[PDB]
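Structure, as structure tokens:
Note that the chains are named A, B, C, D, E, F, G, H, I and J in the order they appear, and that numbering of residues resets to 1 at the start of each chain.
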Amino acid sequence: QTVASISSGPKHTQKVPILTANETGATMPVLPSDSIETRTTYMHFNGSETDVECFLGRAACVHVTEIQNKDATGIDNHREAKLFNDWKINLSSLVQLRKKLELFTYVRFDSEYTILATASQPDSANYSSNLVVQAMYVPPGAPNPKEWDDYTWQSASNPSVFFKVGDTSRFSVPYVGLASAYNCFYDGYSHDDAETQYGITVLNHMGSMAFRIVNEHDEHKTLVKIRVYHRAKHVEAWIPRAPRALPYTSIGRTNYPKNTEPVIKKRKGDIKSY
Amino acid sequence: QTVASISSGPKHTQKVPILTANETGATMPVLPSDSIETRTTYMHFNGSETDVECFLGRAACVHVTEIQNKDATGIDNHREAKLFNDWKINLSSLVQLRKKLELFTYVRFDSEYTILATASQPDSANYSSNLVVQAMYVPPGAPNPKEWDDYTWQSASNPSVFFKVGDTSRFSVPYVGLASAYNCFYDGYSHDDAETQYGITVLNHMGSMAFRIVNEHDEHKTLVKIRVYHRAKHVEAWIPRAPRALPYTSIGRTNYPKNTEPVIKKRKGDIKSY
Amino acid sequence: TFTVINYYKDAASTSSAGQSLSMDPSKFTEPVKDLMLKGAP
Amino acid sequence: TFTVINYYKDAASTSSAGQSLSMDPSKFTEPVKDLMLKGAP
Amino acid sequence: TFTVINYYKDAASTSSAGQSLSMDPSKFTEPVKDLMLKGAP
Amino acid sequence: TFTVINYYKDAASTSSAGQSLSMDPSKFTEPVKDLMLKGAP
Amino acid sequence: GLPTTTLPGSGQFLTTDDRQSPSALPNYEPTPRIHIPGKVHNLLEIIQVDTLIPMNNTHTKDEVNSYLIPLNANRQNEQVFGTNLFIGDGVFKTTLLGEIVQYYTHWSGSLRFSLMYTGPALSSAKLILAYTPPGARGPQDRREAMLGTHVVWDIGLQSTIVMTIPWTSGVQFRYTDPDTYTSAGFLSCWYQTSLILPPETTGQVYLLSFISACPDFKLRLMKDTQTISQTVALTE
Amino acid sequence: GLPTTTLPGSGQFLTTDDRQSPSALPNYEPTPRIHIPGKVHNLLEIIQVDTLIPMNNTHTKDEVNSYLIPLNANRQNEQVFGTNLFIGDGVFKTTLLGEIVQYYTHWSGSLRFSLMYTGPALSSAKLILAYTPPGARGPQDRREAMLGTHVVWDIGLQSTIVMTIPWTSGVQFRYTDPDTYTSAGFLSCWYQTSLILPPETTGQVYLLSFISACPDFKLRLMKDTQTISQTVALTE
Amino acid sequence: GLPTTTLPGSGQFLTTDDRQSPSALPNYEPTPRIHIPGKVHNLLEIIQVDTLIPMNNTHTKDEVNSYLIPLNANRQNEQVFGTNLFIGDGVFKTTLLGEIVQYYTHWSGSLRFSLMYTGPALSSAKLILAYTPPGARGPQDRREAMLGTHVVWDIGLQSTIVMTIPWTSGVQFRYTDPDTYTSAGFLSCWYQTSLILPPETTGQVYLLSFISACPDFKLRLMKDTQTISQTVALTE
Amino acid sequence: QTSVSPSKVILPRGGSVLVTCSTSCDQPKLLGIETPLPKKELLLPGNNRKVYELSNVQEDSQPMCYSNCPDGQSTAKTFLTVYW
């Protein structure tokens, strides 16, 4: 048992632990036993749920897209027709997860993905199709499919998972960053140029996912909604950071919208009100 | 083998074990061997089914709600439309379980939940949809979803389980009470106030469950009935209590309805009738 | 005659614990003590 | 009380690692050092 | 040649017991005893 | 390199037996014996 | 992949299976267990505590008087009370023993029956409490009653008699619900001598009857209790 | 085939299950881990760092002034500030402690409250910082305040006072969201003597208030934070 | 998750699989086993008990007379009875051996055939009981009968002859249902000398024939019995 | 106590009659009607009351409702008569 508080009686100390200098930038560990007479209590607590592995470590929906299974004859832009959809993987699009991750500067983790496909048939349909989804992980910078039945889907190298709509797929992706950790913040440019983009960098490329319904068309249209869930595991985090206070406006940037509302709540009363 | 009864012959005892004083409030363990000549028998019995773990320890339906999968376009109150439903978890709504638990003052247990979803399509439908339910455990006091596709459902922290309608989900929740045990009875208030509620307390907050059908709408309406089954395990119980005799009227209160029927059966005959 | 492997890291995930061996009703049936033998602390 | 067999060859496939035992906040709370004891390399 | 692990805590859950080795029909086929050798208790 | 647990009590339930090691065709190819060495019983 | 064969019952939800299940709150640390007095391990521990029997259940409403067995002065060879011993029914249905008993289907073991006299100190009475084992009718006279298990109780400084109802059965378990085959017999109390009240006192004095289980008590097969009912879910 | 029986919950996606899963990039070798300073193992490590409290949150907009607690010269037996101790709310909502606290439902342990004086060196002041444990109102006069936990702070060469708010509760854990039952009490600061400014100086001097957690701090049940919200997915 | 591959037959209900299954009454303690005499471990134990053969099944109804084999005085070189040895058919169908045999498809082993004489003590008779192994017709005269397995039985103080029908077959098992290939042969009884009744006695005396199995008996392949049938479910 | 309805009935030869067995016990374990007649238990909810359609009544019969309820008489006989 780890002691939380030690028994401590009256103190006529000349080594005043309660007078310090915050000018130094140190949080001296002053305990209750230093300013009040205390009893001896035990922790009964390990702090398992505050470990970064747990704090940043449950599955969160990080992308949602709808794709369709329909007659593809006579369509030029299959992407526009929502026959397939791709998505550059990023954990920045959902703000809860982004703020949690942005509590740190550098983060290293392996990715466990869960893809949930759910079918809907809004228009008249005689039955529910037994559709199969192909979720193709394309490595960073690899060509995405350009049409629904492109040969890119038959890639001999791109990892692909085939699963029924209504069911899930699960697969882990190791940490794929070039550097020893992802740069959740980058104060630099890709090169010394006057006009080049700031912050957003290729260091944090985690890949991309393409989705299509493998089935040929039925007589009716089926709408499939794909939810990608990411779970970070084997998490390592460095350099704690000031938490995000203002809304986000874009991925990879710290920008916040103009004319934002005040973060700090105003007091109902003066500074003396409880 | 544990002895139930020992062989005992005629007794001319001056230490009369059958004359006592119930004024003292003790149930002296007088045995058959004390008042009658007995033979020696064995128990052949451990009392495994009377242990509190078993007595309070099978799955019971503790909540039932119906939700719908329908076209959500042009609806202001999704909760009223039964597109989703939430429920503050409590084991008081079913009287069998409540009376069993109320046999004790303090109870500590972990919760095993089983959610059964069953679909019905009363109106004309061409097929049975392959629907997916999201059961979201929201921690005590956390915001419940306000609309069917609110971002609260995509919570990066709230535990959620996705399962097909017609199938079940199962997940355990540890004991989540603030105090060392749940207060199945609380003779107090949240604070010293003249008007504050009595009995019902936040000490016994076990969380809450929100339910929706993840699927977008089909052409027809599907009615999904969600049954939540709770099973208490690792049960610890303190301070046995007088069993409940009268009907209940509310959760968290010991109130009973006015003009209730007599509990004690009236005798068909006088006090001498067998 | 019986076997259990723990498949999950949490104690809350384990199946029911079974029977409390040491059951003794004297707590409730024989709570009387003479207060003249100074049993009180 | 708990058991894990590795079913896959990759370290990325294993479940979460658990808790970092040796947690010490002095890195962040007590980063002050006297520079007159020559702690610098 | 054969293996069984008990997956449930109850004896009623186990599979069938198998064969009663010690089978002897004399209970039914040879129940005759001379009552003049005082076999009765 | 290979493992089998018997899950059923019956020998008929086991998978195929494999290869008969001791294969010798002389039963069929060399069935000739001189009958003047009295090999007959 | 390990070759497997899914058996019948796969995917069933049996409400009594009790297997391991994944936790929704991984790494959660519950509040430590502090010492609270009166921990209950087994329900066989608490049924051994005497509770009052509403033996005088002859009133239209539930009253304290239902628990008071009237005794009358100057009654000779007369009956005080008589009841059947269906512990999960009748006068026993509401007692702690009966309540815990109604949660199970089978019961075995001995019962502890107690009587406490509440009359004035200067009164006197000898009562005979008789247990009639099953197979015979409820005794209609004291002579019939005293042929079975009985205790002659002399009321004096010890105001309480404790008679055990010994487990008296062929079959090893009885049904908690009333059944002819598993009938438990009868319990009656009679005046042995009489009740004599001192001068300046008149009226009815009362007995309190208590029921409890002996340590050899058994309860087997869990069932729902028919004591409480609901037709609608409750709210806060 | 090994005979198996699939249990309820088979095929469910529980977002917190944490099992093994096949790798999509077999044989991939990730970049080696280099030493980066400031590794964070546990969030209980970083909540122990003091951050400023916007104690003076009386402004319409967010300003640096929200962090400056005004002190006035020649005030006697008067209050400097007063706040409730709902650490996941009010003045604490935006501090590092409050931010990390809003990710959990329960909290226990002691808080470290600090004040830094920023006035001229030739000034003097004695303040009394009082913690009123729950059950009593926020103190309305210094006499009431000094009956509870308090520290008389003499401002001099050491410009910083560190008062601990000892864990003072019956229940072992409090809710991070404001609740009457799990109320944590009140924090107030009062002039012990007064503030005296040297000649040639006038106006308001300021205190900086800091909050942090003691090493005995606990946070249990993870929840979403209500600090940031989104109605639309973000893009690049 | 342990990678598995579900095999064919997954989800099938095979009525003879005999696997473990979850209990609906966890922690239930069944009544202890008391000693009851006459425990049956194996059905091969009870088929070894002789039961009567309705050898004289020449009546329109079922009568006690069906069990009485008539013997007539002053018959010479004549047949008493003759039957085929399809033990699961004919005269054997209703005997205990035949009844237990009809629950199985194959049988092997020897049969124990007994005759008990019930005539007056002062009578005399020598009979020859012949077993004709398969391949030959049922013997039509005593000479033919006595070429096979036979026993010359002299009726006297020992009123019972026990002839064994030795397992006489090429194939190791016979079908319990009548089949030409697995025919078991014939059983006949003949007068060796004659039956002589004492004076003052006249009419038919009777033999009782019993059948049972020798300890070397075998029954293999379970099947339904065609002795009892139903077209409608029964109720109470 | 066990009860039978009707107490008595006169019915044509070969006709059907509905006989009701009831108990005072709310939860009886054994409850039925003893009769040599062909009978059919009517699908009815509950434990303490049963209804039987006794078909093809040919003679005077005395169907007895029976139960294991220990209150009062555990059996009750009804009297069927035939007219032809």
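The rule we apply is simple: a contact is a pair of C-beta atoms (placed from the backbone, for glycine too) under 8 Å apart; a residue touches a chain by one contact, two chains touch by 3 or more.
J.: Suppose you hop from chain E to any chain it touches, then on again the same way; how many hops at least until you reach chain H?
T.: Step count on the best path from chain E to chain H: 2.
J.: Quick one: how many steps at least from chain D to chain I, stepping chain to touching chain?
T.: The fewest steps needed to get from chain D to chain I is 1.
J.: Please identify the chain lying most centrally, where each chain is represented by the average of its Cα atoms.
T.: That would be B.
J.: Which one of G-H or H-I makes the same contacts as G-I, at least in over half of the residue pairs?
T.: Most of the contact pairs in G-I are shared with G-H.
J.: From the mean C-alpha coordinate of chain C to that of chain I, what's the distance rounded to whole Å?
T.: Centre-to-centre distance between chain C and chain I: 62 Å.
J.: Taking the mean of the C-alpha atoms as each chain's centre, how many Å separate chain E from chain G?
T.: Averaging C-alpha atoms per chain gives centres 40 Å apart.
J.: Using CA atom averages as chain centres, what separation in Å is found between chain D and chain H?
T.: 25
J.: Counting in whole Å, what is the centre-to-centre distance of chain A and chain D, each centre being its mean C-alpha position?
T.: Spacing between the chain centres: roughly 22 Å.
J.: What are the residue numbers in chain D that touch two or more other chains?
T.: Each of 7, 10, 12-16, 18-20, 23, 28-29 in chain D touches at least two other chains.
J.: By the touch rule stated above, which residues of chain B touch at least two different other chains?
T.: In chain B, residues 27-29, 45-49, 51-52, 54, 57-58, 114, 155-157, 159, 161-162, 164, 167-168, 170-176, 178-180, 233, 240 touch at least two other chains, as defined above.
J.: Among the residues of chain G, which are close enough to touch at least two other chains?
T.: Chain G, residues with two or more chain partners: 2-7, 9-11, 13, 16-19, 21-32, 37-39, 41-42, 44, 46, 48-49, 84, 215, 220-222.
J.: Which part of chain A faces chain H closely enough to touch in the complex?
T.: 4-5, 16-23, 27-32, 34-36, 38, 41, 43, 45, 47, 49-52, 54-55, 57-60, 63-64, 88, 90, 92-96, 98-100, 104-106, 108, 112-114, 116, 137, 159, 161, 167-168, 170-181, 200, 229, 231, 233, 236-240, 242-245, 247-252, 262-267, 270-274
J.: Going by the contact rule at the top, pick out the chain H residues touching chain I in the complex.
T.: 1, 3-5, 19-22
J.: What does chain D use to touch chain C in their complex?
T.: 1-3, 18
J.: For chain D, which residues are in contact with chain A within the complex?
T.: 10-20, 23, 28-32
J.: Enumerate the contact residues on chain H facing chain B in the complex.
T.: 7-16, 103, 105-106, 135, 171-175, 177, 179-183, 221-226, 229-231
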